[PDB]
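Q: Need a 3D model of the sequence below.
(7 chains, ligands or ions: 4)
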Amino acid sequence: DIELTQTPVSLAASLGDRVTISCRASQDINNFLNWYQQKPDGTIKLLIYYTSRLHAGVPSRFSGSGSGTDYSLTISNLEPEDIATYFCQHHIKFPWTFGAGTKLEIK
Amino acid sequence: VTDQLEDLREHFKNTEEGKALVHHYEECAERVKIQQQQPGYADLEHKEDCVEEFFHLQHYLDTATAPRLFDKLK
Amino acid sequence: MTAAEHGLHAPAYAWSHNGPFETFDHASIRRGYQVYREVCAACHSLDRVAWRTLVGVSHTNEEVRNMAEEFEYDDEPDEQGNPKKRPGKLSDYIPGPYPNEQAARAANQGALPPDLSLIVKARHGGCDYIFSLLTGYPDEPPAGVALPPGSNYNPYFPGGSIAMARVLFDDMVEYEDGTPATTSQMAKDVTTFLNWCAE
Amino acid sequence: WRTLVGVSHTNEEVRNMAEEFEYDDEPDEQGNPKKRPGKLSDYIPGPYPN
Amino acid sequence: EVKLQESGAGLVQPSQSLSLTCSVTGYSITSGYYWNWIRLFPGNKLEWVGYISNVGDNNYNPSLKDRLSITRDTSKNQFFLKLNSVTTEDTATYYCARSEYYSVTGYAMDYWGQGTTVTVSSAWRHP
Amino acid sequence: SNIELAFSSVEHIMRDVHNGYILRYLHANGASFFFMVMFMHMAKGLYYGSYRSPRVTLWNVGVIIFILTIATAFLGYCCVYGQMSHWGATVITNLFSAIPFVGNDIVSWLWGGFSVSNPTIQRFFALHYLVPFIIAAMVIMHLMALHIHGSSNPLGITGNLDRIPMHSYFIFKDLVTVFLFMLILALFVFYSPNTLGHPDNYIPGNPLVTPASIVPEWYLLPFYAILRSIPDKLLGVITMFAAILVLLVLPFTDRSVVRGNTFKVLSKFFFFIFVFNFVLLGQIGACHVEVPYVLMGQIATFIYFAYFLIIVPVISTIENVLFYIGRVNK
Amino acid sequence: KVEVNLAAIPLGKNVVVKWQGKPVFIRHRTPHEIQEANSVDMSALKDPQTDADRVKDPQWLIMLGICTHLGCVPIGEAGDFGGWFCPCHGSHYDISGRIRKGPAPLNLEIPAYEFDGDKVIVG
Ligand code: HEM
Ligand code: HEM
Ligand SMILES: O=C1C(O)=C([C@H]2CC[C@H](c3ccc(Cl)cc3)CC2)C(=O)c2ccccc21
Ligand code: FES
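A: Numbering: from 1, shown residues only, chains lettered A, B, ... in the order given. Ligands and ions are numbered 1, 2, ... in the order given. I have put the structure below:
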């Protein structure tokens, strides 16, 4: 059951600058890795599918990338409030598997 | 030589109905600016514009800038 | 249909030839050719019009022989089997600016400038609509109309977004006879000349 | 070329012959010529240019 | 638009059956893509539960395979959880989501339910 | 008739051939006047109830002629090879797909390849040559039917009591309409040569890009309308063709006891609703599939077929009964 | 068979090309646009079909611009469905190239195609 290294184990950041979570698969996943987003009120959304591609509405300042077994999630600026815990799942086979997460608060 | 047409469009913008109608557009052009500074405007989806105005103006111009214009010409 | 998709109705200017008894203004045609030659020839073919056809209308026999030979048409191979050029004859058709459809678009952000020979019939309104699209490039794309990169605004074109930038800017043509080389006089002529071309 | 196929030769046999010659081909995006090998859709070229 | 609406008993007594329901609107259960269950654990970690497809084939998680039963009602445009024999080990928030499928970009859950929180407990509630 | 030279060669006929422009503007404007005059001829036949026994075959054959004239003029249009031409020719070829199963193939055949291409304009030229002789062939049977019963009258009673010989009255009478005909035709041909054509057709046909103003020929419009009025492909086709065929029931549905709207107030009235509907239907053809136009289109179409199928046999049956009780004692 | 330069296609630009005498449509689909396509009711549809079957990568819409009514070439970025309008007898197509309003009985046909580098072989 392919496991994914979420890291840093939730590290906050400053209001006006970027950040960059990352995932690391226990196997080769072939870019089949989406990025999700959990605002504190509970709601979970789509942000990124197939390693690098935006979902409808997620502002262009979101990025994300990777290949083989290592993948990113580069934001541009944390304003106005990207305050949420960003999970990551592989879907190269079954069962699929999210990460630990990476909660993002203010410094 | 002041362009035979430009000149004729000018003179007619500055009659009664020219004033009345250049304004009607300005009121709209202003309204547009106001709507544009706002946040999430690019996703407003039904953004107003003033082509409908513009065209009502040229019609008034055209209707006068046409049977007149051609005699100023060679 | 929104009045923006339609384009604004060009008005009934009063042309020299309008009416059942009205020959063209050949003096006017003569001007349009210059306005044609110096300005729009840069982009626009006029392929179904032949040099000879000008003679007796806008010019005189040599006047058109002169123009004719300023260009090298293809000509039958020498005794060896190798190409050659040659000047033109009155028997010829006024050559296009481009060597094919592609270079026409390459030179225009991928736009295909319409051959003009038939333009005054291949459009509704025609003489008027030709005049108006040429003297109707207003200064700015109306409040709210957001214009693409390399496209202009015209109320007389449908949906304003015309791939042809404005081209009449007073006096850019030196009117040989000595007339106000304006833009509404540079234009009224190429229209009367382009009218001829299609009819 | 195609007309040979099934009569004197076989499909590739004629595809081979075909491409040994560069017919004219539609201009690039710029408006400048180009060659290309032949297709079976072609007519066996003359020795002379005219 | 498309919308997912969770509804069900989120207070289940152990050794029983957790049983949620995900009603949809703005797309159909029987057009295309995938219809999933996913549970969010106390320790804020996410786990894929299983799915019913657009033609109702069941890819379960094998950690929970012996214990569930995804199904659907097609007249009502909704799909169902039935986790048998519940332990506190199962206590977590539950989420329904639609997962698309493309040849190129593979799967992605793009329409998520609002959440329905279950707590395995032997406490008593007024039915 | 080669797809290259085609569009140009007509320009050739225009720019080069001596009196060639007169050749074209006459061919084209004339085709229109053909169609006007033919509608007025078909009108006259409705109004005075010519379609009515013993003249059924007479009538029926004209329905065949009318069909062949549309077929003819269409092909002659496809031969200019402007824009309206290449897309006209696509749709008519495509009406055949509406045919179950085989329909696509028919179209492929009929095209001689992947698209309305070159083997197409070339057959459309050849068939344009053929067919007018078929009309003439047919005009002869049409005149034969006409002959064995002779013409009717704007009174719908028997002629056999006061006949006069076509020479020299009508020969001379017919000469008046003739010159008048040529006059208006002269008017268009020399002064308004395209006040009847679509400017999209001075544009060389292009198989990748349909225009965005698809107005078809005027004499065709009322059918374009009827076609569009139907949100189903197969049914829409059928209903377009049916718009012409239905013309064959007219001698059965006319229930009357007299030939002619002349002494027929209730008949006159709807007869001009019919005419005027038909013109509106035509206006609908010119406008975009916008609102309320679509729904207006739909209603006219109904009115159209209802006039043959419903109004007429109804009204005429009523009108029989007004004629009885409107005099007699008991 | 023909081949397109996918890179030369801006995000949201409609590209037409000559294949088999027909035109072939290629829009570079924005993600908002990708969502519209796949968030729709297949009962509100005449020829009902999942966008994800009609396309391989959802960013690329690839289809023959022949109006399945009587075969015209639909105008791009047109209609009442963010797709295409067919000026011949008003068939409206959406942002996945399928039939919404009009006489067309079918969704704009999807050709055979393979991706390769940023070259797609539309044959
Ligand atoms: C007397 C001068 C000129 C006239 C009358 C003229 C006229 C026209 C006309 C009638 C169109 C057709 C658009 C339509 O009606 O649908 C057109 C388009 C165009 N023209 Fe010109 N033109 C002139 C000069 C030029 C020049 C100097 C250039 C560039 C150097 C140019 C480049 C183009 C291009 C690229 C288009 C394509 C626009 C489109 O596809 O919408 N033209 N022009
Ligand atoms: C090539 C086209 C046509 C030609 C050359 C033609 C010729 C004629 C002529 C010469 C007459 C005698 C003069 C007159 O009564 O008007 C006539 C009458 C008649 N036509 Fe035609 N016609 C044509 C089209 C049609 C069509 C399209 C129809 C019906 C769809 C039709 C049905 C009739 C009928 C029923 C009469 C008898 C009229 C009466 O009783 O006075 N004809 N036609
Ligand atoms: O889409 C059409 C279209 O539908 C017709 C129509 C007009 C009436 C035709 C017609 C055919 C047969 C009969 Cl018996 C009557 C009318 C059918 C095609 C056209 O003439 C046309 C012309 C140019 C561009 C597009 C089109
Ligand atoms: S051909 Fe597109 S609507 Fe009839």
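Q: alpha carbons only for contacts and neighbour counts from here, please
A: Fine.
Q: what's the single longest helix in chain B?
A: helix B:16-37 (DSSP state H).
Q: Would you mind pulling up the elements that that one packs against?
A: Here helix B:16-37 touches helix B:6-13, helix B:51-65, going by 3 or more CA pairs under 8 Å, 6 or more residues apart in numbering or on different chains; DSSP states H and E.
Q: For residue B:3, list the residues it contacts.
A: The neighbours of residue B:3, taking CA atoms under 8 Å, 6 or more residues apart in numbering or on different chains as the test, are C:170, C:182, C:183, C:184.
Q: Scan the residues you listed and report the most crowded one.
A: Most neighbours among the contacts of residue B:3, by other CA atoms under 10 Å in any protein chain shown: residue C:184, with 25 neighbours.
Q: Tell me, how many residues neighbour residue 10?
A: If you meant another chain, say so; for now it's chain A. 16.
Q: that answer is for a different chain, and I need it for chain G
A: 12.
Q: Next, give phi and psi for the closest residue to it other than its chain neighbours.
A: The shortest distance from residue G:10 to any non-neighbouring residue, by CA to CA, 6 or more residues apart in numbering or on different chains, is to residue G:28 (6.6 Å). Here is the backbone geometry of residue G:28 (degrees, to the nearest 10): phi -90, psi 90.
Q: Deepest-packed of the helices and strands packed on helix B:16-37, please.
A: helix B:51-65 (a mean of 19; mean count of other CA atoms under 10 Å in any protein chain shown).
Q: In the chain, which residue is most central in space?
A: I went with chain A, as the question did not name one. residue A:35 (4.1 Å; CA atoms, centre = their mean).
Q: please go with chain E instead
A: residue E:37 (3.0 Å).
Q: Could you do chain G as well?
A: Mean-position check on chain G, CA atoms, centre = their mean. Result residue G:97 at 3.9 Å.
Q: Provide a list of residues in contact with the residue minimising distance to the centre of chain B.
A: For chain B, the residue nearest the mean C-alpha position is residue B:54 (3.9 Å; CA atoms, centre = their mean). Residue B:54 makes contact with B:25, C:142, according to CA under 8 Å, 6+ apart.
Q: Could you measure from it over to chain A?
A: 34 Å (CA to the nearest CA, to the nearest Å).
Q: ditto for residue C:63
A: Taking CA to the nearest CA, one finds residue C:63 at 62 Å from chain A.
Q: Pretty sure that residue sits in a helix.
A: Yes - Residue C:63: assigned to a helix according to DSSP: H, G, I helix; E, B strand; the rest coil.
Q: ok, so what distance separates it from chain E?
A: In terms of CA to the nearest CA, residue C:63 sits 66 Å off from chain E.
Q: For that residue, which non-adjacent residue is closest in space?
A: Counting by CA to CA, 6+ apart, residue C:63 lies nearest to residue C:55, which is 7.8 Å off, once chain neighbours are set aside.
Q: What count of nearby residues applies to that neighbour?
A: Number of residues near residue C:55 (other CA under 10 Å) recorded here: 16.
Q: thinking it is in contact with residue C:64, fair?
A: Yes - with contacts counted by CA atoms under 8 Å, residue C:55 reaches residue C:64, the gap being 6.2 Å.
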